[PDB]
Every structure is written in structure tokens, then in C-alpha cells.
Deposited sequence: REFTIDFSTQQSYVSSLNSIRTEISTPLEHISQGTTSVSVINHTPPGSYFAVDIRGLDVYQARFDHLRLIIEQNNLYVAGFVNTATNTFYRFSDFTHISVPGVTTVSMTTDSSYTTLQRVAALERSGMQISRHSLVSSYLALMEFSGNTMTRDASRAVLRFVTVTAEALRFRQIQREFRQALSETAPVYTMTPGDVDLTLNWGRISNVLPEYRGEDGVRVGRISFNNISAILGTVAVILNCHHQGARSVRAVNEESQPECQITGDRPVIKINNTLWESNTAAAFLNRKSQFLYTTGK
């Protein structure tokens, strides 16, 4: 399966993401309004991927059109990128189970993690800027990339593209914030600590939202949603809770406390303290 994410305008970009979501996921019964929902990725065999053709980096022009991202469908991870001009698929080391037919696959030594990417890129995601201009730069860097080991510039490009494709697919918050960079004023999107926190809690959020039944709020670690519009405005797609995982430990997705749905692990993590006086004095 292949989809295009067209960066020409906010409309084309959002339309692109919505079309992907519609095809690969199913709205949660309890968090859906109109056709805007938190959707659960439909189950697919492991190894399944869909391709994303990057378009519109230069608004509405069939230029800079040789970049394709290979996305593992069950977790929305960018497994690597394809230079369609050289018919080469640069695949991260942790995605050797993703095979793409018809392209030359270059198995990389670099893995897909943000810890690795940020190191190699010498770029932290918190505060990372992404603009139409840097996506063009990112594109050029990936088209110029060669080799089995990510370079700083290719890593910066992957960080930027993963954010505006996979992370935006997962989080409507990032789709909303980033899309402003596509407008004619060409402002800069700056990834916030909150954006970063969301991405780091995707699996946890995924395990909790299917349990939502209209509670006043949802608390997942550092993440808080006070009402359904907050949920919808923040999250678009979650893992199928039937690399990111739905379970960290234990087997209880949630605990409802004072009409707030809490990730049980979060509550367990501040309810596991012994008596303060005994704690502090028992050095």
C-alpha cells in the first residue's frame, strides 16, 4: 500500500494524513466525532508496511519527489527511506524484518530510535525546528545520502520527516502545530517538550484510551487530557493493544479514580512509597 503525504498546503497535508488514518485504522467507539477520532491501527501481520511518497515540499510542484518513507504499519515506525531515483531503500538496523520488493535494500548499522537519531544528528527533538525550508534541506540530505551508516545530516532529515509524518499521524496535536509551517507565511514549527512527551508516551496512551468511557479526564504518566476535545485534539491514532508496546508491566490498563481514567502504572508509581518519616530516616 502506498500513500502520498503532500506538503503543499495545510489542506493537502491534513488531507493526506487523514486518508492514511482512514485506511490503516479504525475509530474507537468512544472517542470519535464526525470522522475525527482516536483510531486503533488495524491489525496487520508483522512485517507489513505501507509506503509514503513525500510530495509538495515545493508547493504544488512535481519537484523533490524521489523520497518515499517505508512505514511499519502496526506501529507507524519509519523503517527507512527510499531514494526512488536510485531505487534504494535505506533500512534501519532494527527493521530487518521489513522487506520491500523491487528496490535495492541497504541494511544500515544505525537503528531507528530517537536516542540514536538525536545523537547522530547532534539535534535534540525538544526545540527542534521544522519548516518547509528545512524539509527541503532534509529531502536533499536524504537524496544525497549513501552508505550503510546514517550521517548527521541524514539523521537530522529523518528526525524531521518522522515528526511530520509518523508522529503527526499518531498525534493530531503535532499535525496541528506543524501544519502552520506549511502556510504561505512559512513560519517555523518548533517541537515542544509537550510534543516530545506525547511521542514518548504513545504506547502508554494506546493502552489506556480504549478503556475511556467518557470519564472527566485521562491521566497517562505526564500526559493529561481533561475532556474529549482534548483527547481528540491531541491523539489521532493509537497502537492496537490486543519499539512501542502497549504494556510495560502488570496487566491492568487503568484505574478510574475520581472520574479520571488513570494509567494504572502511573498511579502505582506514586502509591508505592512507604511512610515518609521511615523513608527519610532509614538512610
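Comparing the deposited sequence with the modelled residues shows one gap only, at 243-256, with numbering starting at 1.
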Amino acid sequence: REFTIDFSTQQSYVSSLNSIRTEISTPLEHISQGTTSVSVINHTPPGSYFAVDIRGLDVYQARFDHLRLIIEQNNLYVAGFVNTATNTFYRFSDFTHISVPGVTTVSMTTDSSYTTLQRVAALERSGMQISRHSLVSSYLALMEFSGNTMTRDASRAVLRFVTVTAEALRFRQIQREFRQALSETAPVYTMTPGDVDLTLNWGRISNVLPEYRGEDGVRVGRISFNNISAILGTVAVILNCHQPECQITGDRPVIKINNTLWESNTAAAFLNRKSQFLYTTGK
From here on, numbers count along this sequence of modelled residues.
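As listed in the deposited structure, the average C-alpha B-factor of 31-39 and of 60-68 is greater for 60-68. When the C-alpha B-factors of 228-236 and 243-251 are averaged, 243-251 comes out higher.
Looking at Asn207, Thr165, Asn201, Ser146, the one whose CA carries the top B-factor in the deposited record is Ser146. Sort the chain's modelled residues by C-alpha temperature factor and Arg132 lands in the middle third, per the entry.
Annotation for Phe171: CA B-factor lies in the lowest third of the chain's modelled residues.
When the modelled residues of the chain are ordered by their C-alpha B factor, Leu76 lands in the lowest third. Per-chain ranking of the deposited C-alpha B factor places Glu177 in the lowest third. When all modelled residues of the chain are sorted by CA temperature factor, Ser16 is found within the lowest third.
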